[PDB]
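First the structure, in the form of structure tokens, and then the observations on it.
By convention in this document, chain letters (A, B, ...) are assigned in the order of the sequence lines, proteins followed by strands, and residues within each chain are numbered from 1.
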Amino acid sequence: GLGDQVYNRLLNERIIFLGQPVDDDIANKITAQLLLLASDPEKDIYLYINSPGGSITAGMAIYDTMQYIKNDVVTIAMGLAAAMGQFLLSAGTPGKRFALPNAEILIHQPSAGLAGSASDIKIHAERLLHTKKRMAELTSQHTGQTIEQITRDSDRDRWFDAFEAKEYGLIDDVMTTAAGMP
Amino acid sequence: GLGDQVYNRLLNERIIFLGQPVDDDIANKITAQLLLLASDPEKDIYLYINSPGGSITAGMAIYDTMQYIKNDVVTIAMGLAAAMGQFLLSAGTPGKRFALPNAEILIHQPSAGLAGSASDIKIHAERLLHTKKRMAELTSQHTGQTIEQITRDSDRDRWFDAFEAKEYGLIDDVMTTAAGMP
Amino acid sequence: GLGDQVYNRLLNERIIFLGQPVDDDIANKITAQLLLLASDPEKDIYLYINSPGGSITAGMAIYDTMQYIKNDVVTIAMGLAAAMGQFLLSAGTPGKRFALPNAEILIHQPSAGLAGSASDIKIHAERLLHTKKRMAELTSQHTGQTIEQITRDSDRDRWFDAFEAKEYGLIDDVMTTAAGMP
Amino acid sequence: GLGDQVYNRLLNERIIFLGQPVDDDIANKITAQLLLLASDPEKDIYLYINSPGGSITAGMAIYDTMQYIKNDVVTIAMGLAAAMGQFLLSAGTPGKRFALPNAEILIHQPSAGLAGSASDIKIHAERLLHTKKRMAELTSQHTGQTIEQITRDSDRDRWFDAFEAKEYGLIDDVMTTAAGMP
Amino acid sequence: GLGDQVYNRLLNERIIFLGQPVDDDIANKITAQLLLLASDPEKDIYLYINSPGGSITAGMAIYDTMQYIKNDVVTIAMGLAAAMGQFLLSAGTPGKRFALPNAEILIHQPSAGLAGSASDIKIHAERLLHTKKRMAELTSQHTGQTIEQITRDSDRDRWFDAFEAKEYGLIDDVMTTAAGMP
Amino acid sequence: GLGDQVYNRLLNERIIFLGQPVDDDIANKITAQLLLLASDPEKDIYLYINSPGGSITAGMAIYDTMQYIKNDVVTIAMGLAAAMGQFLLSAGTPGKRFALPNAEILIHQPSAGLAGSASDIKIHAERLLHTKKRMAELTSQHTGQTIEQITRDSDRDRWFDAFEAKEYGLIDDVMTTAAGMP
Amino acid sequence: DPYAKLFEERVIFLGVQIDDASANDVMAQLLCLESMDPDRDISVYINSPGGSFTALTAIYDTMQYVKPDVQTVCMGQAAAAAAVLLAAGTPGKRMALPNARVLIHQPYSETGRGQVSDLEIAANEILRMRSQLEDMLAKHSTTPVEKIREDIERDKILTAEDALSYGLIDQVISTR
Amino acid sequence: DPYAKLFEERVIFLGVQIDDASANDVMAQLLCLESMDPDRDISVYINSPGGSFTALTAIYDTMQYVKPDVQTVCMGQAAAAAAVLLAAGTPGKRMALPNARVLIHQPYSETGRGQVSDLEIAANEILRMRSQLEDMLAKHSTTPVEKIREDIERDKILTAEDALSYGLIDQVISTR
Amino acid sequence: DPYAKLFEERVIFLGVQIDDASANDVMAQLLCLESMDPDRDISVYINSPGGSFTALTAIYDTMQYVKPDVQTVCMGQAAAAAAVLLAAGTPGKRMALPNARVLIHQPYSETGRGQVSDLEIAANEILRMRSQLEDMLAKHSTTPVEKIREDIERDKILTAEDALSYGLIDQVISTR
Amino acid sequence: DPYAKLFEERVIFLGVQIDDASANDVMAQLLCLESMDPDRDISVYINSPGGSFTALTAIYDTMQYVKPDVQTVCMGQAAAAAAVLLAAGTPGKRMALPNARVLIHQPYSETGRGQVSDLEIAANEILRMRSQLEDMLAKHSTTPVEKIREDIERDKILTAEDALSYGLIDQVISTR
Amino acid sequence: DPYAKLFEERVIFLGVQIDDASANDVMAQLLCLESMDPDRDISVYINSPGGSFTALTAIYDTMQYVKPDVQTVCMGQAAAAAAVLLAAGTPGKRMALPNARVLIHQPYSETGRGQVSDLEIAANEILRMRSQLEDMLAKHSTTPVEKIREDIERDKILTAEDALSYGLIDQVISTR
């Protein structure tokens, strides 16, 4: 009731909220909203991220859609931006990635559950390794760090403050008041 | 509230979303949407596929409906297109099948579960063999590969990248920018 | 959200969908829809069937309603038409029963589960035999085959392709393109 | 919902549906519909019965309401009219009780469950016997058969075909086409 | 129906309610409401708090959003304001934090649950200690007390009356009549 | 459906209902309704109470809001007014507390469930004793009886009739017909 | 366990709800004690809240069929079915401990779901059962038929001295 | 335990519902007692509410096959399956206690879900089983085929004297 | 336990459904009986509704390996796996009680979830197993393979005399 | 218990799914029999669908460790893990019953939730273990390693004569 | 039970997860065998997936407190907690079977439900526990402490020969 109404009134101003674990449904909704807002190709889109992570394919779909449209996408980190949500936050257009002063950013490596015969398990393990390598490459591309350091740090979780994230390259600026957002 | 609104607003632009496992309900819904959009006889239809597969009969109904209507159908793979969803993605009109750069496609052979007497199990096993042969034949027809290659390749699970899928014949092109699609 | 709007806009064009197991609820709904569309006695009604079958009394009520109204009923088989759904598919007006090229038709004898004393079980077994005989006779009437052939063929489960179903007599034509229906 | 809409239009014309077990809720809704349609004391009311029966008191309330209002009530049996649903079907105004050609009718005697001290069981058993006698008397009144024959027939389950039901006196006529009812 | 309309009119009056445990959903909703009400740069926002607290990251998001917008936020403590709720209540703009005469306030140190290997547990324990230190620093900044006093008082649960909270520095005034409300 | 509508009309007539156990949800709704109705500061507010009681914090918030607004509150006891509901019923403005002739009023002492170490349990037990003392003081203030008599009487459960409640001091009058309310 | 040792002492226990298994066990014990010398009494201690009718009647018929005397001692409590067995001992040999309590009340059942004819048959069965228990209780007590019918309409609870006065027991033993 | 002691006294207890395990145990005891001298009788006490119909038949056939006489006494209650076994004892040697009750009624079953052909086959076998059970009961009683078929149509509960008059038992024993 | 005493008398009971544990126990008993003097017969009583088909063949192979003969007596009910074991006894020594029933029908299974290839392999094995059971039953009877195939399609229930005529049983015993 | 009696005749059973407890019991029995004189063979009967693999390996090297010969007899079925132990007996002393079935296939597992590194390590170990099992089976059979790799990729089911020809067993015994 | 007979031979089995009950049994057996002649050795066979650390430490301390030598035989598998106990045997008397697998990895836990202070205390406890376990394992092997730091960061699985080379196992036995 109230939530749908306030979210519609916010979407009327080109603002998208991603505030739950990333599964197929939420990724489908975010892709639909981005495609809908892509009708006007000269106005930017703001995405607010407070998520603990989620699935890999759904996040890949969201990332591809973000890189697909002509409109620039401004990513804002509020609260928690962990696991693949961090990847989506770092995937915004350069110069337009921000985080609030008391936000937490976490870097993680993929996890999966496998069951079947040895050949099927071999195939799925190879695919999981390929997915991990792809995520490492994309993170290295988006933050500017070398692919070696990202591998080392993603090994076991690494938590980052706003200023630490800005120094690392995950975000571009830390905002305090409303003068900073474009 | 939000999802229904954005989906209706997108369907007004002739865009159909298939973002869940394929069962009777979703197949019925996609068939109904295609039948309604068939009222306008020369405008194309876009289908976005992010699904892990589903039931055989429902997918065959969707395939037959897509091959039935006079309008061309453009299939787009975002995220995951696995098992029968891959078959639906490859079933689009020639020259109008694309995938996103991080799209990821899986080819899978059918599976089933049977119970009953020996004669009933024999009948159902024969029907399952017939279904597998029919799917292999349809995939060979749509992808331009020989039937033997499809039969040998689909025994296990094979995963495809966007460029590997393009070379294989499942799709025709890989998008990077909105200017690349009709 | 979506499904109600799509189904309403389709029913506005005299399209009825039967895409779930046949029980009392959707049999009641289909009877209501047929009675409503019976207001105009000159236009035909199209019924799309994708169902695995269901209860006997509900399907029989649907059959009687279809034979009741003055408007002709065209039946389309898409996906699966099994058990009692096959009976409804072959119950359409002669010359107006079609199936899609990849549709599967299944002929199946009735089944039931009883409980109670010996006299009650005897009565219910007699009633079940009566229902089986009635279904065999009605299928023979609507198909053109002799009663003995239907009785012998329905002992086990027989699967039918579209062309095999057409040769058998359950359907009248196989649907390929939009020029088919009037 | 689509079902709500079609039921609204059907009730608008003059039709009332009864397609589920008779409980307090559906009896209340049937009584409300009859009371509202009693606004015009001249036009008739049509009641369609497809139900396996239910609680005795709710059906008693429905029967009393049907016998109360000045409007004549036409009863139609489609599919199954068993247990107390048969009693409701036979309770229509004389000359306006029909059934479809494949409509199947069952006559049943009451059943109940009891618990408590040996003094309460006596009272409840006497009340159950009184209810059974009342139902036998009402059936004998409405079908024209003698009370003894009705009791002997309802001692154990008897199943009725449409023509057998007409001969027995439960209904007045069997319809086949749209020209048979007012 | 009822339960959303009154909230809608109150929001139209620039009143926000926070009366259930703080989680991702309600933090997202409160952030959306604050962003919407920020459309008018010059009118204050009143927030009513009756909650037992909740997740730390959600409270951080709400706190950052409250400190973000240009409009002053007036916090009213009604009923219970414990753990995260107390921190949010004390986070209002200076001179505009209030509590009802029987309002009851609790100060409580963070708690969490961990699982995994020794290295992961070490990392998460370090993060939890960092979170506790940050909360102590923010509380000391907002209430004007020294860090040592706050970190000594929060070791156990301390309960505050309205006047005790006012003396401590958590709130600014306690009223009895609508005359004193800003 | 019906309930929301009738409650909306009654709220338009300045009538509030409290007919379920008092918890945070119902306490946030009643406080919202009181704040909404406080827009016009010259018309009285009527509150009907039929509840078995609930949590102390929610009821205390309701009490504070009732004492907060400028409008006079008239409390009507119907059915049951027990525990915290009795406290709210006795909290109305003097001269405007009424009960129906067959109303039931029960005085109860607080109960709680505690767990944890022997140092936390000490704090929570002291807080519970403080809450009981505050409740006794407020009841004594609103009834006119001495604190000692209230403390002695609420040790066990005491039931009150309407006339007994009026003599005790919990209500001001017992009403029978429509001439009772001002 | 002490149960076997008390078996060698001709002591039988009924300290659970009456049921088929307990009735079969008690009957086996009674027949075994018959297999011993038929000129020695049997001591049965009853602490039970009642149970099924048919097991109760089986135990009662065994006690009436068993040749040596069966002395019954109420201990703890004896309610419903337990009261029937306690009062069914040989005359002059029914005792109760000073602080034990005795309860008598009418039979209870739950005639399961079934047709009207089945419920009629079961209800007649229940009425006959209730009459038979009343007659048996009146035989073993000094009270007439009408009084026993009147008292068991609702729960009536009797103490040791009240039970002795009524006739459910013959004496109250305090110390051996 | 007393069960073995009574086994040395060649008495057998049937105090549970008839099932595969209980029937196996009972006929194992019957064959064991057959293994001793064939000139000694066997006593069976029957307190059962019924049970399966194949296990009933196994026990019945073992009783009719084993050489020495089998004594059956009614025990609290003897329902449908228990009634057949109670009446299956040797002629002139079937007894009941004064307060035990006997029930006779037609078989009940739950024909599982299946095709029409399977239901037809199962129903035919059910009717055959009903007819065979009625014939077996009629041979063990003085009453003819028609009366027995009429009486098991619904539940009919008989007392000890009624059972003796009808033919279910031969005598009612009040004392040893 | 009477089962051990019957073990001393060379009597083996099959009163439960055929499973792995029951079959292991049965062949352990058979091997133990064969371990002593091999000039004594073994008596097996079968009252079972059937069960697993591998354990079936385990018991069957054990019966056809030992030298001592195995007389098989039908008991109450012998269906499916029980019928094949009942017919597997030594020729001239397969008996049935007068009121026992015998059922024969084709094997049942549930080919679990798997790919097409796995279901193909499992279905081929199931067909081979059904043919092997058909041939095995045909050899132990007098009827050819085609007749057994025709009678195995649906359930076929036989009485004692019908089983004697068909060939599943060599004689029906009423007394010893 | 017949199992202990068969233990006195140095006979061991493997009639359940292979697990830690069953494997522990089997090795304890093997060690106990080895502690006796080392000049007598041990007969082990296998009727199992397989199970845990490390426990299987423990049983395997326990059999390969003791001095006396271990004779394996197939029974009913010996699938997957059970097939490895059946073929692990001493050469010339591996036998099967005429109607037993043998199945071989590749190991199955479920690498649980973990990071990419953990799944990599577990999958590497699984591939190593599959290679080890294939090599072990190749050594105990006449077939080369490549053929065993090819035939294990799917489910292959062999009868007694087929197993004799392939090399999983040495002879098929029909009678003692 | 073969376990008692093996107890007579002074062999102890650890074939389940390490828990409080298993540790209680194992250390009770060790104290018992210490009570007899203190010049005979003790044989322990380990096939365990590991378990609790405190029970591990109890068993380890009992092993080093008991005077006679304890020889450990790796078998089946020896996971983290099993590896520590396996390597805890007396030097020169730690053995493994050819096909056994050995795994070592860091401790795991759930220092969870709690305030901040409790989690801090538990985390310091866990770090101390890990350091102590690693130091203990380093003393029982030849490798330095830093190598063990680096090696149990993730799972590392060793075969028999690899375990011999690393230092976990003294010698690998193929036959007695």
request  = Using a heavy-atom cutoff of under 4.5 Å, enumerate the residues of residues 63-93 of chain D that contact chain G, numbered in order, or state 'none'.
outcome  = none
ask   = Where on D:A118 is there a heavy atom nearer than 4.5 Å to chain G: the side chain, the backbone, both, or neither?
value = both
Contact leader toward chain G among D:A125, D:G113, D:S117, where contacts are heavy-atom pairs under 4.5 Å = D:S117
ask   = Which region of G:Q106, side chain (C-beta onward) or backbone (N, CA, C, O), has a non-hydrogen atom less than 4.5 Å from a non-hydrogen atom of chain D, or is it both or neither?
value = side chain
Which atom pairs, donor and acceptor, lie under 3.5 Å between side-chain atoms of residues 63-92 of chain G and protein residues at least two apart or in another chain?
{"residue": "G:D69", "atom": "OD2", "partner": "G:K93", "partner atom": "NZ", "Å": "2.7"}
{"residue": "G:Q71", "atom": "OE1", "partner": "G:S43", "partner atom": "OG", "Å": "3.1"}
{"residue": "G:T72", "atom": "OG1", "partner": "G:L86", "partner atom": "O", "Å": "2.9"}

task = Taking atom NZ of D:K29 as the centre, report whether more than 12 heavy atoms of other residues, nucleotides or ligands fall under 6.0 Å from it.
result = no
request  = Count the heavy atoms of every other residue, nucleotide or ligand shown that sit under 6.0 Å from CG of G:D37, and state whether that count exceeds 12.
outcome  = yes
Choice from D:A112, D:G116, D:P110 maximising heavy atom contacts with chain G below 4.5 Å = D:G116
ask   = For D:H130 and D:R127, does a side-chain donor sit closer than 3.5 Å to a side-chain acceptor?
value = yes
ask   = Can G:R130 and D:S119 be counted as having a side-chain donor-acceptor contact under 3.5 angstrom?
value = yes
query = Hey, is CD on G:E153 packed in by over 12 heavy atoms from elsewhere, all under 6.0 Å?
reply = yes
inquiry  = Given the ring of G:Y166, does G:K156 sit roughly above its face, with NZ or CZ under 6.0 Å from the centre of the six-membered ring and within 45° of the axis?
reply    = yes
query = In terms of heavy-atom proximity below 4.5 Å to chain G, should D:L114 be classed as side chain, backbone, both, or neither?
reply = both
Test: G:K139 and G:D135 ion pair at under 4.0 Å = no
